[PDB]
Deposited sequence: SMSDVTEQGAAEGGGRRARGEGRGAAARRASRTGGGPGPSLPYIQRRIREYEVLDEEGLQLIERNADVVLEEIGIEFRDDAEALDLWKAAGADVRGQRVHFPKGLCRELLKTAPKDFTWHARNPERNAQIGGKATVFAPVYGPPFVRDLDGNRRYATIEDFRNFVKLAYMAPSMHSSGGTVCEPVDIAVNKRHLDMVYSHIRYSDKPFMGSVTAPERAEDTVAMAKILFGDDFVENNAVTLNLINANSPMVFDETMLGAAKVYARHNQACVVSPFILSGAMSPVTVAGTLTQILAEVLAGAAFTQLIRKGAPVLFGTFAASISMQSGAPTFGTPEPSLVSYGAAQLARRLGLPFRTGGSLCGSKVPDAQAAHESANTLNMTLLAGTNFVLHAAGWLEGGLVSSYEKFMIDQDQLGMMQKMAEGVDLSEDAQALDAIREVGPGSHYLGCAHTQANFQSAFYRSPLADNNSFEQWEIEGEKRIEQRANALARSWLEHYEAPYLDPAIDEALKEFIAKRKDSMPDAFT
């Protein structure tokens, strides 16, 4: 199996910037214009409209028009950083500041299984991804909807999904957002696990709250946000954008829209509870001008995300974007270039929370076991990169340079990250070993990890209470 899990990354390296002060001010000014003149829809949520009117916004039907600065002022109560608590406290993760936390793929209804089949995902696959995330040394979070399990009823599956993050991992996990009652169920389960007062006082979940970009928040998302914000749980407020389709085709226009959507949605959390933890999220990709298809790994989404990180730091919210994203159907060089381009930006932008750090394929439709293994290996490289350059006397190596001297070599001397998947052997050895592509070695490694997996301890009293809760909830509803 793998080594021990590493804690969250603390970046010693700098954030890479694409906008100068004038550009940042321009985008900020333009977002305030959008918020006042155009507004943001808060749909099918009368309570939300009442909250906005009370806060001093101008509500016209379902469109909320914001006085300049209001959202930013309301966000003064949001924490710049906070702890995401894990049931094993050694796995707690900082969200914000110099920290970077990797989480798995979220959302796919299909898997590419270890036998090469593209098929609907099941609870068995969900559990397998939870297991692999538990074992992956640089996967800091267990995640959320690692895949969508087809073989449990839609109104019940959330219970099994949350349970899986508790039973098969001890890393911090995400909650259900698919209906407000499911968010309530997540909170109830969390209270069984951590204690009632503990949950009211500490974030134990991050929860994905998408905007229906452009410039709409819908009932379901607002409903989950209201539950989590009332219980001190974190909302990842995330525009969902393909530039050219759900936002302008340009970087600057996309950033402006993103900032407007985040200001409104994040400020909303503070209207529910001052101090509720909230992140500035962004999902941003491009479209093919030929096809209209979603495209990844291209320059425009990287520039958007670098810029958005700058805007997030200035707003004072922890930032989520990026991951190992791609549009390829197979874990080939396209998948890898796209994922690598996105992941390198993710680290260098100083991203605090990385959804989709491993496992995404096919534009988000697939959770791939092989891809997960390849990506998690990259995550270990990013974790090591983030430590930056050691400048200790030993690292300076002057005695080694002296002792070796010109014309010698350093292999023998005392002074003199490791991928388990890269093949660094000669052609001849690699040909003897079956001319294998990396995904074949990834397949074998996933199988090996799953064979050696041992579940982290769970108090049997807590397990029983969770199972009793789940059973009661399932019995209260027909499928």
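Q) What are the missing stretches of the deposited sequence, listed from start to end? A) Missing from the model are residues 1 to 35, 452 to 459, 523 to 525.
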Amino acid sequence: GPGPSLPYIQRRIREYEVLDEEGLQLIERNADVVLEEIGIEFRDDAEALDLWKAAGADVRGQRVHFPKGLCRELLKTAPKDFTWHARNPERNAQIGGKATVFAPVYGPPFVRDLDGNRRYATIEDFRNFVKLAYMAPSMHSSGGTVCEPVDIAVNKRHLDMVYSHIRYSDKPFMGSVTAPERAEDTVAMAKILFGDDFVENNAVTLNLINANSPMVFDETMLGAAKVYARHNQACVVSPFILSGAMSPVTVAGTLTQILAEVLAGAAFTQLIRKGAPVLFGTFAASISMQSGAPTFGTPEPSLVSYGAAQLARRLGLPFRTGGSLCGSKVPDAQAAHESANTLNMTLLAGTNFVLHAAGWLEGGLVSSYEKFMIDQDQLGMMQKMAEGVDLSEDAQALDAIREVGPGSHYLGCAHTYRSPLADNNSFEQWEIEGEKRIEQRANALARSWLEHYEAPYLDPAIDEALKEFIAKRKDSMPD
From here on, numbers count along this sequence of modelled residues.
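Q) Looking at the deposited entry, does 317 to 325 or 77 to 85 carry the larger mean Cα B-factor? A) Higher mean C-alpha B-factor: 77 to 85.
Q | Residue stretch of maximal mean CA temperature factor, 402 to 410 vs 125 to 133 | A | 402 to 410 has the higher mean C-alpha B-factor.
Q. Based on what the PDB entry reports, which of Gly96, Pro301, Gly116, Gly307 has the top C-alpha B-factor?
A. In the PDB entry, the greatest C-alpha B-factor among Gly96, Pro301, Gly116, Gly307 is found at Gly116.
Q) Reading the B-factor column of the entry, which of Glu435, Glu454, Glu428, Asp423 has the highest value at its C-alpha atom? A) By C-alpha B-factor in the record, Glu454 ranks first.
Q: Place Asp185 in the lowest, middle or highest third of its chain's C-alpha B-factors, as listed in the PDB entry.
A: Answer is middle: the recorded C-alpha B-factor places it there.
Q: Ordered by C-alpha B-factor within the chain, which third holds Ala336? Give me lowest, middle or highest, please.
A: Ranked within chain, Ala336 CA B lands in the lowest tercile.
**Q.** B-factor third for the C-alpha atom of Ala446 within its chain
**A.** Answer is lowest: the recorded C-alpha B-factor places it there.
Q.
Please say which third, lowest, middle or highest, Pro294 falls into when its CA temperature factor is compared across its chain.
A. Highest third - that is where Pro294 ends up once the chain's C-alpha B-factors are sorted.
Q.
Splitting the chain's C-alpha B-factors into thirds, which one does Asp377 fall into?
A. Ranked within chain, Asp377 CA B lands in the lowest tercile.
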